[PDB]
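A quick write-up on the structure given underneath.
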Amino acid sequence: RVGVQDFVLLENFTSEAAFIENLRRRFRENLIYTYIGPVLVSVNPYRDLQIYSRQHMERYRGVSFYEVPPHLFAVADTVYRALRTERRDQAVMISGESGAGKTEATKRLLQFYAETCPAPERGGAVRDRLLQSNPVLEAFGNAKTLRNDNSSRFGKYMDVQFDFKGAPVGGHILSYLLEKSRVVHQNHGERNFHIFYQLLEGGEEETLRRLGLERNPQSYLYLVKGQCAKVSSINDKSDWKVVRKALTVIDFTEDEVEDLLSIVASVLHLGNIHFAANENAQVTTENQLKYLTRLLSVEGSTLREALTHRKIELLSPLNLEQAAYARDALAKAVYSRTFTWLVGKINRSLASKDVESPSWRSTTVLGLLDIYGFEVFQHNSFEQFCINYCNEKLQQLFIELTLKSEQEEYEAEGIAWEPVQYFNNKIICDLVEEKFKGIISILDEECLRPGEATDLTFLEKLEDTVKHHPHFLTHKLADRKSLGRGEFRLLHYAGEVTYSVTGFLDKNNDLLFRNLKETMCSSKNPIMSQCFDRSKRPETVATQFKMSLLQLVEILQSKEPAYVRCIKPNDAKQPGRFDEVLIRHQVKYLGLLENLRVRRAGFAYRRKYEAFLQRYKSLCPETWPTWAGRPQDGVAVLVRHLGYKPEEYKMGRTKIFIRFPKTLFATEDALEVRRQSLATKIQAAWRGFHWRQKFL
Amino acid sequence: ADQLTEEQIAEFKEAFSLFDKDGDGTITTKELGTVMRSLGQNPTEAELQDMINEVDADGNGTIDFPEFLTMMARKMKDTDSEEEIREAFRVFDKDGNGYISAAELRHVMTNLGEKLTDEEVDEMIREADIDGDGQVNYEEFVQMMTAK
Ligand SMILES: [Mg+2]
């Protein structure tokens, strides 16, 4: 009952001050959801208020969105209804900073579909599998940062597949660039992945004994490099009970879980290996190396010299710096490749089991986008550069869809339109992924050959190739410090972030020595032999990532978008705290006001005459069964028979524009009833034809 | 548009007696639809009860030749063309590729107005899907069905 449920209805709609006030007023009354047109804005409550129960679902399912208050379930039912009436792939695009609520938002949507949508017949319950996949991925893919206690270190795009009856038949997940370094490293205050701590706290006596593991996290150098083994908002013993139960739901056999646990324990052991000296570097303690051979199922000797030696054509020893580096490289490779395997294993579970038809050409997908959000810390390295660049590329797609495209369309059409000014981050995207001239392209150029280019030589060619650019700064331009040396400042859509260039070349080339690679190929562990095989065309991490996002974008462009915008209340993860400076900044770069303008003056729906006519033509006698004239003319008589007021629609050059959604729904509800009559025509024609056959 | 012929009335007279049953020169209302389908007409069930409700007001559940012949001449005046049947199908075809899954056809026929029985649909799919691949070509099926 508070403020205005839709910003479009806001008076003084051009006031940035009025905008935030509505957000603040609704937030304290615990209304976290608000509409700008079809776009839903979400504010992180940072406390559990249950709007997500089955009672709440029932009130949003099968109802029009303008007739009910604003809620995440509305977008869910709207998107599902869009997927039913017209049979087109739909995708819910969710944006926000770290901790904004994207991940929790995606899980709630799934829940709605799982308990709401009809069940298949011989189909299975992929519903429980679709839901149980989260706990498993969070354990392996999430870790507490300073921004978020549960933080996704991987990007996720998930497709849910529906049959023609509207029930889920299965699904597919895509993952993006897990943050590798987190396994061997953490900045102070941050943990490693949840999985490690769940195992130690929740693992049973017999299981931890078999893995040669101690319950105390402080006893593993990889677990506590951040001094943080614990989180008050997280019960690791419970999460473990859930994960263990989820693995069975997604059809991990008890043997596969014991094998995965073997791999998890190996990385823990791997970090505990200490190297001492000769003249050069060798393993002092036999404890870790022991369990290591058993759980990894390799030969203890080949591993030891693999850690202590390098193949050059004989084997030269290594030192404490080099011996520790190779160790970390192995641990990163083992966990990362295991994560990839884990996703495929899940995908193998969500995949529908059928041969061909009927039909499976009639299945449509509902995409859900959950990525890692913009994040900025005191120290920012390659991992943040990838993540922040990811949000740039997706921030462009948002603009392309909600601002650029919609406005360029009016121009091409006959629609009267007064242009709304928006900031275009396309320039920032080019700074990164532009051919030849781009940061990623440069970093690749310096990655040719070893022992030649360094972190510092990279930044040098960076200064030289990118010259006086608005979104790029280094210590060689203007007044800085505050801008240091060996680092560059990049100004993103979400604000400036300082990056250290140290570790960039080593992290861009993801390099595992043949020495260690061979050792892993000899593993007798089932999961390990799948991740490592045999032994040219070594593409860089940054370029491969660039390929992934491009594919991800073109996947989203091919679908009918829905938009959810998540907003972070405060930096403290505190409930009831509304920080005006913070919310303002977000509203500004998200361009929410520029969006409110476009929605107020714009049209909710547009379709080409031919398409609009083929679909609704049965609703008018002059257009049924056929129309011989120009499609615009057919749409003209058709909409008159439908009773559209002149203010409810606009006839453009190639398309028809309908201002409000209520207009189209009432029309779609008419076509819904008309189908009843058309079916009767077929049934009557068959009943007639059939009798004449089996008789006469 | 189409008006009864002198020949046509003879055709309808001969076929009408087969169902004469008792021989009153009368037919049962519950038997009405069957004789129309036998004559080449494809009446909907709702259309059938409208005809029943007019001539059955005297009860007895019977209708004679003159008033039957009237129902036949009206039904012949508006009859769905092959093009209207194809376009009706096309609505339940989402691709626009001119195919529907037997599974989806069975689902609509049984779940949408004037629903067919499961036994009826079985028979429909049998000659509608000729190759038995689970896909039906409706433009081809419509021809066969409306074929004269
Ligand atoms: Mg089709």
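Shown for chain A, in order and in Swiss-Prot numbering: 45-323, 326-358, 364-530, 534-589, 595-755.
Quick reminder: no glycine exception, Cβ is built from N, Cα and C everywhere.
Around the Cβ of A:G140 (ATP binding site), 24 further Cβ atoms fall within 10 Å across all displayed protein chains. Classification of A:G140 (ATP binding site) by DSSP places it in coil, neither helical nor stranded. Look at Swiss-Prot and you will find A:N88, A:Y96, A:139-148, A:192-196 tagged as ATP binding site.
In the three-state DSSP classification, A:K383 (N6-methyllysine) falls within a helix. According to Swiss-Prot, the feature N6-methyllysine maps to A:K383.
What Swiss-Prot records for A:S408 (among others) is phosphoserine. Classification of A:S408 (phosphoserine) by DSSP places it in coil, neither helical nor stranded. Around A:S408 (phosphoserine), taking its Cβ as the centre, 15 other Cβ atoms fall within 10 Å, counting all chains.
A:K486 (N6-acetyllysine) falls within neither a helix nor a strand when secondary structure is assigned with DSSP, and so counts as coil. Of all the Cβ atoms in the protein chains shown, 8 others lie within 10 Å of the Cβ of A:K486 (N6-acetyllysine). According to Swiss-Prot, the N6-acetyllysine annotation covers A:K486.
The phosphoserine annotation in Swiss-Prot covers A:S536 (among others). A C-beta separation below 8 Å, combined with a sequence spacing of at least six in one chain, links A:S536 (phosphoserine) to none of the other residues.
Beyond its flanks by at least six residues, the region 'Actin-binding' (A:608-630) meets 67, 71, 82-90, 116, 119, 122-123, 126, 132-141, 143-146, 149, 201, 218, 220, 416, 418, 420, 441, 444-445, 448-449, 452-453, 636-638, 641-642, 645-646, 649, 651 of its own chain at Cβ-Cβ distances under 8 Å. Look at Swiss-Prot and you will find A:608-630 tagged as region 'Actin-binding'.
DSSP classifies A:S195 (ATP binding site) as strand under the three-state reduction. Listed binding-site residues (A:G140, A:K146, A:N192) with a CB under 8 Å from any chain B CB: none. The shortest Cα-Cα distance from A:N192 (ATP binding site) to any of the modified residues (A:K383, A:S408, A:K486) is found for A:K383. Missing segment of 5 residues between A:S589 and A:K595: the endpoint Cα atoms are separated by 10 Å. Gap check: A:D530 and A:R534 flank 3 missing residues, and their CA atoms are separated by 4 Å.
Counting every protein chain shown, the Cβ of A:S195 (ATP binding site) has 24 other Cβ atoms within 10 Å. Note: the CA-CA distance between A:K486 (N6-acetyllysine) and A:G143 (ATP binding site) rounds to 33 Å. In the deposited model, 2 residues between A:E323 and A:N326 are missing, and the Cα-Cα distance across the gap is 5 Å. When Cα-Cα distances from A:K383 (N6-methyllysine) are compared across the recorded positions A:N88, A:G140, A:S195, A:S408, the shortest belongs to A:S195. Counting residues of the region 'Actin-binding' (A:608-630) by DSSP class, helix then strand then coil, yields 9 helix, 8 strand, 6 coil.
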